[PDB]
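To start, the structure under review is shown below, and the notes come after it.
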Amino acid sequence: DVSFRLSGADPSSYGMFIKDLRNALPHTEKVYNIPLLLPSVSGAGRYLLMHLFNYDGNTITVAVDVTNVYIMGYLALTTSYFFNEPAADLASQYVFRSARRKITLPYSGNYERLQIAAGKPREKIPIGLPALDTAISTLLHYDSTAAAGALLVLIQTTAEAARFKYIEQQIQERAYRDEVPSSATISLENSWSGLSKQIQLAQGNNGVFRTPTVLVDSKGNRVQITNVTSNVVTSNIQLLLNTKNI
Ligand SMILES: CC(=O)N[C@@H]1[C@@H](O[C@H](C)C(=O)O)[C@H](O)[C@@H](CO)O[C@H]1O
Ligand SMILES: *[C@@H]1O[C@H](CO)[C@@H](O)[C@H](O)[C@H]1NC(C)=O
């Protein structure tokens, strides 16, 4: 398992947590020196448990699919909660079976569906370490509308930060004051599958993307990523979604 404590958290302890989370995800191969996540894992091993503690020391445990870093569900005291999607229902066959009761959330886990439930796009939701403390607190007691916004925070400050060092750094700059994510952050989130795929296609194609990926850069301008020499690939992306799952 991996763990993170908000009580006393700072850029350094958060960086250690994100390091721990990346490290918990199995791979047999690196592509362009990036860990390539597995095509599949069978059974309960496919799920990582993340124990998160709010400032008061209250906790939830979040179940993450190790093949794609997707949040499937979470446990808060004796109640488990899972997204309304088949991969989550499958996960509920393996994790938090000890819970007194299980709630299926009234949305799936994808951004569009969560934003609808939440009533705002994530462009308008501040993220940061304080926002994460709030999200854990919220998820402690069932409220599906508030839970959708908390889950948008939780997904970006955990999974998206594991995927991209730029996102991890953005959260680090937000250790003590929340801020809506940069449009570059939004762009990388939305491009993860495409980038992972193109980085994979680049082997067998001289480091060259078969199809270019358009990102917004951390200076606000729109740009094209065409090969493995881009800073996005050499320094930023930390994990590859395997093309079998794409
Ligand atoms: C159309 C849709 O909802 N896609 C994915 C789901 O499926 C992926 C791509 C798959 O092919 O396994 C995934 O389970 C959820 C995670 O909660 O996020 C969505 O972005
Ligand atoms: C490779 O990517 C670099 C970085 O943007 C770019 O300057 C160069 O034009 C690209 N080369 C090819 C062949 O795509």
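No gaps in the numbering here: position 109 of the sequence shown is 184 in this note's numbering, and each next residue is one more. Cβ atoms here follow ideal geometry from the backbone N, Cα and C, with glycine treated the same way.
Buried versus exposed call for residue i [16 or more other C-beta atoms within 10 Å across all chains shown]
{"i": "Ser305", "result": "buried"}
{"i": "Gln299", "result": "exposed"}
{"i": "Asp140", "result": "buried"}
{"i": "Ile321", "result": "exposed"}
{"i": "residue 322", "result": "Residue 322 cannot be examined here, being either before or after the span of the chain that is shown, 76 to 321."}
{"i": "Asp76", "result": "exposed"}
{"i": "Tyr217", "result": "exposed"}
{"i": "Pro256", "result": "buried"}
Which residues DSSP lists as bridging residue i, in chain order
{"i": "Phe171", "result": "The partner list for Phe171 (beta bridge, DSSP) is empty, contrary to what the question assumes."}
{"i": "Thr134", "result": "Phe128"}
{"i": "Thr179", "result": "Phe157"}
{"i": "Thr288", "result": "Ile300"}
{"i": "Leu111", "result": "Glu104 and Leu315"}
{"i": "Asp140", "result": "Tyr122 and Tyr145"}
Inter-residue Cα distance where the pair is residue i and residue j
{"i": "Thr154", "j": "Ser82", "result": "24 Å"}
{"i": "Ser115", "j": "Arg175", "result": "30 Å"}
{"i": "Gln168", "j": "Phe158", "result": "13 Å"}
{"i": "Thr209", "j": "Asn129", "result": "8 Å"}
{"i": "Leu270", "j": "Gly279", "result": "16 Å"}
{"i": "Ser258", "j": "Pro196", "result": "12 Å"}
{"i": "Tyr182", "j": "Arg252", "result": "29 Å"}
{"i": "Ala234", "j": "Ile146", "result": "8 Å"}
{"i": "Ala84", "j": "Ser78", "result": "12 Å"}
{"i": "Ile246", "j": "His126", "result": "18 Å"}
Under the three-state DSSP convention, the category residue i falls into
{"i": "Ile200", "result": "coil"}
{"i": "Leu150", "result": "strand"}
{"i": "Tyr89", "result": "helix"}
{"i": "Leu215", "result": "coil"}
{"i": "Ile191", "result": "helix"}
{"i": "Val283", "result": "strand"}
{"i": "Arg238", "result": "helix"}
{"i": "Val77", "result": "strand"}
Could you name the residues whose beta carbon sits closer than 5 Å to any heavy atom belonging to ligand 2, keeping them in chain order?
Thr301, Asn302, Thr304 and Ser305
Can you list, in chain order, every residue whose CB sits closer than 5 Å to a heavy atom of ligand 1?
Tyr145, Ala162, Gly184 and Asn185
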